[PDB]
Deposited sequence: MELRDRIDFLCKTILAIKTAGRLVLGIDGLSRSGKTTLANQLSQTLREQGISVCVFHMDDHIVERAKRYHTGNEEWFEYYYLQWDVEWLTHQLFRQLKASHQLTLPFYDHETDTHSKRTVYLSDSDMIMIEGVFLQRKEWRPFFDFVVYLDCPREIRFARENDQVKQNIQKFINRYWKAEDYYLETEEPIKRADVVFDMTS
């Protein structure tokens, strides 16, 4: 259609990047921007081009409700700073992307609000693709070779948690300016 052509163009762009070992790609975008769908379709297209791709979804690696809700802090702060154990992920995931053979991480089950340890093999992957919100925070940035920012255009609660956190991210980290490519 049209989105199909854009995804193909992104794939072409990615296949043109100079590689030196595993290529770490990031798909950064706000909540409900289609990042997850883009990541899956893109990885699929790459595999058909002969590229072995390992995919990570950051929403799988958040903390339990008790640690990101009713903490007493404003919701934007809970969402941006507490929802992810940034330091643990830096140590156990991001720093390991380039050379680790495999990773065993706690995967969050949103329905049961529990975690289970599952293993992901990196082994001979040609590329590692990570999609999620706030991917370009200072702690994780150094570990991405290429980042695409997906730019997309009760209410009070949504504003409190999502809108304010997003505004904080945009103003403090300038993800749109930092991105290697902006998928509009």
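Undergrad: Numbering the deposited sequence from 1, which residue ranges have no coordinates here?
TA: In sequence order, the gaps with no modelled C-alpha are 154-167, 199-201.
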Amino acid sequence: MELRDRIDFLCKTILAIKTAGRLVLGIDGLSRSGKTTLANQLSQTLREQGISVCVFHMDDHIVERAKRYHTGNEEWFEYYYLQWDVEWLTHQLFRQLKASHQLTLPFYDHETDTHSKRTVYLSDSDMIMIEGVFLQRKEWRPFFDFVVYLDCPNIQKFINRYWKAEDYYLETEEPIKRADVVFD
From here on, numbers count along this sequence of modelled residues.
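Undergrad: Quick one: higher average CA temperature factor, 56-64 or 33-41?
TA: 33-41 has the higher mean C-alpha B-factor.
Undergrad: If you average the Cα B factors in the entry, which is higher, 109-117 or 93-101?
TA: In the deposited entry, the stretch with the higher C-alpha B-factor mean is 109-117.
Undergrad: Of the choices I51, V133, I155, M129, which one's C-alpha carries the largest B-factor in the record?
TA: Within the set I51, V133, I155, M129, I155 shows the top C-alpha B-factor.
Undergrad: Taking the entry's C-alpha B-factors for this chain, is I159 in the lowest, middle or highest third?
TA: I159: CA B-factor falls in the highest third of its chain.
Undergrad: If you rank every modelled residue in this chain by C-alpha B factor, which third holds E139: lowest, middle or highest?
TA: It belongs to the middle third of the chain when residues are ordered by C-alpha B-factor.
Undergrad: Among the modelled residues of this chain, does the Cα B factor of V181 put it in the lowest, middle or highest third?
TA: Bottom third by C-alpha B-factor.
Undergrad: Taking only the Cα B-factors deposited for this chain, tell me whether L25 sits in the lowest, middle or highest third.
TA: Lowest third.
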